[PDB]
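There is one chain below, alone, in structure tokens, taken in the form deposited in one PDB entry.
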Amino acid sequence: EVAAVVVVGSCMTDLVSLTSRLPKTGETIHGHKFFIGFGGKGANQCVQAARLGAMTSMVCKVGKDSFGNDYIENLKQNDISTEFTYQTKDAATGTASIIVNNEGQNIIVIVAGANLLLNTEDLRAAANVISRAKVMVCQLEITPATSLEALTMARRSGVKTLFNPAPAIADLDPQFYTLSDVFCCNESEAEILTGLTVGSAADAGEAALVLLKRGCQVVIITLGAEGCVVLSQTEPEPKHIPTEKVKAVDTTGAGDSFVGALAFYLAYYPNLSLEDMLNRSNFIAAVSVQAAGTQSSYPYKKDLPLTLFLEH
């Protein structure tokens, strides 16, 4: 089947060691638990959309190494097309090595790896899939130039663009904004992007407006527990969409659950209002927040209320 949602972006393998204390320079320490997790903002977004029922295609680059083979199998296991998941001998699969002590303090070492080698030729080979999609989703864990090209290829075929500038970059190219039909980020990303302080939903509306003035059609800033705030060119007044309090268990990758869900709605429920989409998206993300383990916490359609999948 033709994929409605195409995600051009990152896969990363989380390599997590639990220890009683963090090591000092020169020290070997014995930890008490290791585990592997599937991450990367692209793949996370793609998985959430897929689990809600989207036909997706993941365009990305991993290693020709075990991590990369295992990533491919995780995508397939989630019913994501891996036709343009490239494997390269030139770098390892992206990694995040995470050490956490008994106090919850951590050290993280990220090696973007093969994700940085995804390039223009790769995306051109994927032109069929990109052109026939309804939504293209991009972030900033691959080369910026590659994301920019993906956005451009989407615009030239009339595909809707959902851009998530995460992690944020202070001097982001002005074209990112003009190429973004929907531009979605969090509070600390907005601060980096605009130079402002965002300690309130009001402060966020002001940062959102700056971003909107740079040429995004729609700007959405996520606000953790506080839900999100939205503006558009047609409706420039910031509208706050709260989300009902829940007992958060692990909020890791909540933003990716949100974005993936938004991608799902944009592609499959185009006639919902934007306000409506963002409620459903907030809800789905809030579900992810109540279980551990990032992708493993992303709900499937069958475990969610049927109301999220009807009109009204």
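Think of the rigid core as the biggest set of C-alphas that the two forms share within 1.5 Å after superposition. Note that residue numbering begins at 1 and tracks the sequence as displayed.
Below, we refer to the form deposited in another entry, which is not included among the displayed structures.
- Comparing C-alpha positions between the shown form and the other one after a rigid core fit, one residue in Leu117, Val100, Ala125, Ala225 moves 2 angstroms or more. It is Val100.
- Taking the rigid core as fixed, one finds a CA shift for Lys301 smaller than 2 Å between the shown form and the other one.
- With the core superposed, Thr28 shows a C-alpha displacement of at least 2 Å between the shown form and the other one.
- Once both forms are overlaid on the rigid core, the distance between the two CA positions of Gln290 between the shown form and the other one is under 2 angstroms.
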